[PDB]
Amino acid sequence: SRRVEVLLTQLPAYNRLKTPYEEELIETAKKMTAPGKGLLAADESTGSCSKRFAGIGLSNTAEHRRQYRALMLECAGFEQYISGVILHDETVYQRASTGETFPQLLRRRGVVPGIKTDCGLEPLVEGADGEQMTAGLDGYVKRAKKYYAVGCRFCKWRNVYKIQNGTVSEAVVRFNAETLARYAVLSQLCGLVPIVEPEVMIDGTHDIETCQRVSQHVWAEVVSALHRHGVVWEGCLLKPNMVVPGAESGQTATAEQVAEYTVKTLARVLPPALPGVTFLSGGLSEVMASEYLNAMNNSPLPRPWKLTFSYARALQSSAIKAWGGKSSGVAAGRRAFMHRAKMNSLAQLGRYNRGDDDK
């Protein structure tokens, strides 16, 4: 019948985000998930850079951080294997030796520049002790629009979940999902493809079965919140943990088991309209991050989204050590970096060969 004339946007079925960047977001997500390519995660904080420079005894100055990023970004040829680079805010405004800003350099070489837009972990207050939320939604629209103006086309936001006593609190599952979903739609409104990172951390004594069950519970709520907030699924990406046994569990898992636990979990919760999954390496070794990603791209289970990488330490660890922070080590660093990029490129294609890798 008929009683009141309302806006379509006031009705629950019409909650989808209206953004003028929709077609551009979809194209960026396709570019970012190109076959045989993945993301380089170079978005470490200045503090986190002190832990990377510790082993090589390099002072944590803004210039040494620039040379650290320059070791990889001004390396020729990595566009064969890297589709996008997650930049830290500081690096977005720094310049390469070519005279361009790093966003300009990356777009000249067909690489999508992205920016980490979250403002770090804080205590959750609700839930259990040790659980953390992520700050940064205040003033987000102004920040994201400014990153877009200087050339960025995607962003990354990280929430963490601490498995304790085989479980996580329902407070952190509800709250962090709502944070990720709100972040996603604000990014798409400003023209950045949001990378939604709900990381079930590896720390703890839990086995791979506890991780599987917590990960599915956590990611399912993330997906539910994304529906509620009206995300554009085709212009969105997920950066999840791999389902692996806890770091201090004493248990071990083969690459095929990790692949089966991970892909079957994703297949239960992740809508196939989502273009790509860019796994974080977390607490895996360089070889293990290539080994596991390869196993997932040989899985018989359903996997309609692209399974690729968004690696930080798993792409730079050997490179930083060979670099030594010295200009004489640049050649060795880029040799190490490019080898890791090539291995993970093959792992995305399912043709990674462990014998062609480190021993």
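Quick note: we count residues from 1 along the sequence shown, nothing fancier.
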| property | result |
| --- | --- |
| 283-291 versus 150-158 - greater average Cα B-factor per the deposited record | 283-291 |
| Per the entry, higher mean C-alpha B factor between 246-254 and 227-235 | 246-254 |
| Third assignment of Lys306 from its chain's C-alpha B-factors | lowest |
| CA B-factor ranking of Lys31, expressed as a third of its chain | lowest |
| Chain-wide C-alpha B factor ranking for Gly191, given as lowest, middle or highest third | lowest |
| CA B-factor placement of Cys49, once the chain's modelled residues are sorted into thirds | highest |
| Record-listed C-alpha B factor of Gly136: chain third | lowest |
